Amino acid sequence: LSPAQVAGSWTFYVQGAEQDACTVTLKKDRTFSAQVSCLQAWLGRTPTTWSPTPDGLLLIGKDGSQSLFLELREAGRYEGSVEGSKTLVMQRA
């Protein structure tokens, strides 16, 4: 998937904690709307950019290092294994 095919409105939450969900725009230029601040509660490294891969998505920190890799599960859904054996879900809408 090109960036244009992954960009847009996404909802992030930690599996089991769906009530604590954060909507973030993935901008076409591979940045995020300011709302990405919410991922600080969940990730060690706050993401500033993103990049699609053939099978998933990279959230990347300010120094160019990996904040998280998420696997593509099905159309409009990625899931990534976080430290502390948590799963971060990102789904369109």
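Numbers for residues come from their place in the sequence shown, where the first is 1.
- Annotation for 8-16 versus 77-85: the higher mean temperature factor (C-alpha) is found in 77-85.
- In the deposited entry, the Cα temperature factor of residue 26 sits in the bottom third of values across the chain's modelled residues.
- Looking at the C-alpha B-factors along this chain, the one for residue 34 belongs to the highest third.
- Ranked by C-alpha B-factor against the other modelled residues of its chain, residue 41 falls in the highest third.
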